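Handing you this structure, nothing more for now.
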Amino acid sequence: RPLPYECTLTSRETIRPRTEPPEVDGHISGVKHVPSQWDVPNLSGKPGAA
Amino acid sequence: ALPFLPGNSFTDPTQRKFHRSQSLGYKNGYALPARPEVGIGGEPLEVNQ
Amino acid sequence: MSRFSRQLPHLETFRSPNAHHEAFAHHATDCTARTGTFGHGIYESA
Amino acid sequence: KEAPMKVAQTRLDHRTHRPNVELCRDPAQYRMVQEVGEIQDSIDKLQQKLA
Amino acid sequence: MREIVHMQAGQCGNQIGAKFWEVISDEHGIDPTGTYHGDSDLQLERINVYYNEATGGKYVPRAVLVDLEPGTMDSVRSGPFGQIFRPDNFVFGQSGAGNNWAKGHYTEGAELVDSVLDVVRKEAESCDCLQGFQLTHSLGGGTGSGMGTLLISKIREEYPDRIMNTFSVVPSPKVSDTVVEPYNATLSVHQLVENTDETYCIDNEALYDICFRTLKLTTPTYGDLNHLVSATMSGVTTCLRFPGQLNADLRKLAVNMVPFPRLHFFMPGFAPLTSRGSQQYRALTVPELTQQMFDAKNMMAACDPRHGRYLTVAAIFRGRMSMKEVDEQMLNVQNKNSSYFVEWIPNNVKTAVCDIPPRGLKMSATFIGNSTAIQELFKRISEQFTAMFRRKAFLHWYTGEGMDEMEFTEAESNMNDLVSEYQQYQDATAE
Amino acid sequence: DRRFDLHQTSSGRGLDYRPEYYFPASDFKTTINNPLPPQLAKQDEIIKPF
Amino acid sequence: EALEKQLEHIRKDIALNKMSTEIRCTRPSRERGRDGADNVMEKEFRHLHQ
Amino acid sequence: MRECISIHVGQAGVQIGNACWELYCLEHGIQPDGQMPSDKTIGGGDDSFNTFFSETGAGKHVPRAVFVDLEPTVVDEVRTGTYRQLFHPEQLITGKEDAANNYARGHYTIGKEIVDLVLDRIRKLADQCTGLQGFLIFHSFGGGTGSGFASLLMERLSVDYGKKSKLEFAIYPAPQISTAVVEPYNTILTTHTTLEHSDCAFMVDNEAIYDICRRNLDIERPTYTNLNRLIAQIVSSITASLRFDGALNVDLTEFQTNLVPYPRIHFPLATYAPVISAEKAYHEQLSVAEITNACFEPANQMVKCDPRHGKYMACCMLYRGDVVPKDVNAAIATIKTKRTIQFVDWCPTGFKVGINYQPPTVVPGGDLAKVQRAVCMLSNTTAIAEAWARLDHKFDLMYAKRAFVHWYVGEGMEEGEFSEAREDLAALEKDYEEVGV
Amino acid sequence: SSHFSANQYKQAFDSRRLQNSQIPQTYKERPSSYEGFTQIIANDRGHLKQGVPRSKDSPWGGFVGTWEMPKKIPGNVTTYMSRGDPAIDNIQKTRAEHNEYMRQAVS
Amino acid sequence: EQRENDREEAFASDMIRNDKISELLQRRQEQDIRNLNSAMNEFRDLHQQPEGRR
């Protein structure tokens, strides 16, 4: 084994299929859809911020 | 998110009721456990509904 | 009134009377430089 | 995840039947809308994991 | 397949044991419903030591909850992980204890003792090979002290071959939390001496110092304290539940620690404990784990081992580690602290290794210390006993519900005899 | 029927009923439940510790 | 007032003597014994009480 | 399950009971009709109220209280106004003739007229109770019903109910302010008969709370409503652990065991902290050590007996709110190291802690500021021997000429009861002297 | 007039468990055994016959009203601890006076 | 030996993530207490004015 028994070679953002990915309700294994850069939290401190 | 270790426990400070519903009580001479339908504050439980 | 000042205490909390006597002796000394009645207080201040 | 979406939607469109002045944008309707959005986001993440 | 019957008495017992059940539940993978939801088969193999097959995949604890008054037991039921318990294991009266030993033991504890014996008999006869009982309570109150001692005595009478563990959190050096706790602790330990196989004395001041110094923890609360006690319970029973390189059960620990039947009061301790913001500064090795074990501030007993001598030590490690490293570390600490160990017993250390550490941890360790420093705790309780016994304060109560002064005299004489033996095997030399 | 002269009495004026208080207003939010920054929101490097 | 100040000083000296006895008892068990300094301390204790 | 029966006897008892049950209704969310504001499920559904309120088949909360007086004015004022539908009308016992500040009238005359009906109502309430914890009896050591009928009722309760808890909340006559004239006579005669038939008696005067409202609350002219609100806060902090979950629970059977060192010594004091207003609490950082020091300060005591003059025997500290036991332990340790607070030599373990997580509720339009933590400080000290000596001196001054004795004798009490009562409190006075060493 | 036990259920049917906070009355638990042919020792009227060991208690039972209770009550100390010798003596004195007055009022 | 070193590194990094998360939650709870105290002062200013007393 080229890695410890308690670890996996793939990561959370690495999970990809080997064969053709099935069509499951629009979501496809391998694709990452929109990156959605707008989810950056508002850390300004104004009322209503994060 | 934290693993369950003695130094990694946190509590909600905005809880404001802290009641105690007498689920465990008696009847006319017997010990009646009774199932709890409500927990501490007054919210319903979330395990056996 | 003097008719109500010769009464022994209702409680006996000293086992043998020897310890009672040997405590109230030097307690009657300790009542000086106290606060309030019976000398049960702090030793005032300076 | 399916049932809290039902809870939030039924609460929203039960509270929409309030009378004239009682139809108020209280700070519970905002949180309930954000709950709808968060439920939909969590359902999307779980369906991605399912795929 | 061995079994442990766990009994928890008093409000302190019903809090600490509930926390213990919750810790071992989310260590074995049991959900708040009661079903198994773990990943490995090791969590499922040795599960009967604490649980019973209720419904398919549902496992119920073997707990017996005892109280004179339904106080914290109701809050335990209404809290998280509170419906895993069998609903008729809750045995409860309606009168109070009043932090009164005789109320817990003689008058008001007499009406519940038959029901508790019925419940624990039903629990114990279901096990194919029962190993022992584990009682959690406090030596400061009425339910934890009186009913606890009565339960230990009756369980010893019915089963005089099983291992009796009692945890029994003891009165603090500073701050009281009960004004009659010298009487309560003396009258309780008078029967804990002659009945229990082993007792793990825990001090809340030691727990507070552990939280403040080794854990920062500006808002500790009792949850972290019961969590630490629960971690020590899991550490002392982990060799039954998970396989390891060197196993040691409760009977093996009892054999390897107590030299004489009177001396069975221990100092539990847990490692590793890290202040929040120091895990990057520390590196996990077996030497630092062992040194944190043998540090004087790490044990949950307020008495200082430097004011005494270690009769025996039990070290139960949990994690993938080397037996050479473990034995070398025990040899190193024994050789360097050569004045803290009794000279007439070589290798005052019983080691055990479990292969399954707690989740989120690589290595964990449990230290059990039978030392002669327990005489400080017993001398403190004896001094605070004889301070008020000479004036008969708070004793008209105990006389009112009906014991004699000869019981108090016998209890204080038994405590003084235990102090004398612990002092004798601290200055006794080999040759 | 209620009694409309309780203002003369001392116990009526000091015992007139008003509803209770709930302490946090319905805009107070807890920041402990916000999502973590991505440096601390990593993956669990240990998968099978048994 | 002056005599009470002197009494306070005497009691403080009593507390110092008790502390000195405890720190002397802190000593290793090999020396211990009965010393002329110990007899002087007991004599001082008696003189302060008188 | 943890049921308690509250017997409020006398005008002081009934007014304190008004201010108490108002706070209890505000705590348990009960309207002055007996009904939940919401339905059976939401806004409630718990059973935490059963310590004080029983539940009929429909969902109406009725209190476990018995309101007793011999005059009809105050009881009828309760019957007609605000909480007119909450209190049970059969639990609102009143008579025709008042006792008119007379122990013997309350003990042998009109007080003995009503005791059969009062015990009937009490036994009906106890049959309702299913795990009764004790009787909280609210009265004064003033005149009339608060002395005579309270002592007679407690004698009958000790006769029929055995050794059940009988916790008194007693209004003690202040050293300077006192309303009646025959008040020392009544107080001597009622402490003589309530020495034996009692378990514990929390002693709360009026002048100390007047000084507290002047100094800490800035009312500068408070009244009986404010006084009874503070007494209601005290009794709520005492009874809180039977209704709200806490780290350390304290039940009513424990106060006697942890506050009565010897028989006939069962008179502890009371203190609530932090009793303070909003414009002063704005500038403070109120924490465990600060409120413990405020409790042990000899100015927040709610009876005019400064603890500098005596030694503590027992100390019940009831912490209530978002309080942490670590800071509780640190505060009690620094109090023990403090020297002005003096504890008796035969009691090294002088403290008893009860921690409850429920924050202190506030009455709308009340006096106290809302705080996250509070302490009920409950001390048994020998400083009350000064008050007993002063009251015995007042009795001896009144009894040397034997004024106001013809009333008592000519309506029915033997004159030897005066002498034996003064002998009993002389024995008590020597008892406190012997305990103090 | 016969509260003759319940064996397994003696834990229940207790006055403390059935909401009776008053002190309870002690009937005779654990029934005894007889031989047979019990004497009739009566007539068809309600009489007790001649030579029967008639009791010396009141035929109307023992109960005292409020206006015949003692003016002073001891207080049920049952402890006799940390009290002086005259305290023990006069506590016995009031207990004896209590018992005598209740016996005289019943009889 | 590379496998053992990587296992030790993985456990170490998991613990660093864990206690940094715990410290962040500690500071979040401290800010929560600060905001609760500010809201309490605002509530006292709003409701408990002496003119509103009975």
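First chain written, first letter: the chains are A, B, C, D, E, F, G, H, I and J, and each begins at residue 1.
Definition applied: a contact is a pair of C-beta atoms (placed from the backbone, for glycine too) under 8 Å apart; a residue touches a chain by one contact, two chains touch by 3 or more.
Common neighbours of subunit E and subunit H under the contact definition above: B, C, F, I, J. Common neighbours of subunit F and subunit J under the contact definition above: A, B, E, H.
Most remote from subunit I, judged by the distance between CA-atom centroids, is A.
Interface comparison, E-I versus B-E: the higher number of contacting C-beta pairs is recorded for B-E. The mean-CA centres of subunit A and subunit E are about 46 angstrom from one another, to the nearest whole unit.
Subunit J has its Cα centroid 24 Å from the Cα centroid of subunit B. If you average the CA atoms of subunit B and of subunit F, the two centres end up 18 Å from each other. Each chain gets a centre from the mean of its Cα atoms; for subunit D and subunit G, those two points are 78 Å apart. Looking at subunit G, no residue sits in touch with two or more other chains.
For subunit I, the set of residues touching two or more other chains reads 14, 17, 19, 77, 79, 82-83.
Contact of a single residue of subunit A with at least two other chains is seen at positions 5-7.
By the touch rule above, subunit C contacts subunit H in their complex via residues 1, 4-5, 7-11, 13-14, 23-24, 27, 35-42. Considering their complex, residues 21-22, 24-29 of subunit A touch subunit D.
By the touch rule above, subunit J contacts subunit E in their complex via residues 8, 11-12, 14-16, 18-19, 22-23, 26, 29.
For subunit E in complex with subunit I, the residues that touch the partner chain are 94-95, 111, 114-115, 392, 395-396, 399-400.
On the side of subunit E, the complex with subunit J involves touching residues 218-219, 274, 276-280, 283-284, 360-362.
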